[PDB]
Amino acid sequence: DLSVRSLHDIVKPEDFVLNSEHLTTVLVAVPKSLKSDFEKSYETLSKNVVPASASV
Amino acid sequence: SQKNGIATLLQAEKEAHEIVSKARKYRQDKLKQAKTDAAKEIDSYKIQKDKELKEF
Amino acid sequence: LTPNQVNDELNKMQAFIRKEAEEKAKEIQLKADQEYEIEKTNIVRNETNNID
């Protein structure tokens, strides 16, 4: 599951479906440690990187 | 989740792109109208010149 | 989810997103129309020169 090369593992929606020209609105990451670190990385990317949005 | 985030962006950016397409269409229509007006003005100038020659 | 405020994305995904195309649309509708008017004037001038 980590570093998965099978795109079928990710659902069709929430995967840049109907991507906007100025906003891909999708990104995939596999952070180490707990998911709280991933949220902090998302929180770090929540400013000056993209307008606030949620993904699974 | 993103039911009012990227989802609402998918309508805001959609409206922005629709406005871009409408602006392009309006520019093309204005180009056609300006060309028609220029042709009418050129025809009027030619008619005036022909009338001047006939008067001479 | 992630550490962030609640309901703070009511305009960050609109003001800095839709304007990125609205400004381009306005600039096109202005500049292309002006250039088309100038080109029509030039074509009228050439046709008037031929008529002259």
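Just above, that's the structure.
Residues numbered from 1 in each chain as written, not as in the entry; some residues may be left out. Chains lettered and ligands numbered in written order. Part of a larger assembly, values for the part shown. Heavy atoms only, no water. Residues with missing side-chain atoms left out of burial classes, pairs and counts.

Visitor: How should I be thinking about the overall build of chain A in this particular structure?
Guide: A count of helices and strands for chain A gives one helix and zero strands. Referenced to the eigenvectors of the C-alpha coordinate spread, the extents of chain A come out at roughly 30 × 30 × 15 Å. (Helix = DSSP H or I, 4+ residues; strand = E, 2+ residues; numbered from the N terminus.)

Visitor: How do you make sense of the interface of chain C and chain A when you look at a structure like this?
Guide: For an interface, size is often stated in terms of accessible area lost upon the parts coming together. At the interface, six residues of chain C touch six residues of chain A. By residue class, the composition of the side of chain C that touches chain A is three nonpolar, one polar and two charged. (Contact = heavy atoms within 4.5 Å. Nonpolar A, V, L, I, M, F, W, Y, C, P; charged D, E, K, R; others polar.)

Visitor: What is the right way to read the interface of chain C and chain B from this model?
Guide: Contacts between the two partners involve 13 residues from chain C and, on the opposite side, 14 residues from chain B. For the side of chain C that touches chain B, the per-class residue count stands at seven nonpolar, one polar and five charged.

Visitor: Teacher, can you tell me more about the packing of helix α1 (residues 6–55) of chain B against helix α1 (residues 15–51) of chain C here?
Guide: As a packed pair, α1 of chain B and α1 of chain C sit with axes 8 Å apart at the nearest point and diverge in direction by 10 degrees. Between α1 of chain B and α1 of chain C, the interaxial angle falls into the category roughly parallel. Taken together, the residues of the contact of α1 of chain B with α1 of chain C sort by class into 15 nonpolar, one polar and nine charged. (Axes fitted to C-alpha atoms, helices over the stretch in contact; angles between N-to-C directions. Parallel < 35°, antiparallel > 145°, perpendicular 65-115°, else oblique.)

Note that every value here comes from positions in space, so none of it alone points to a role or purpose.
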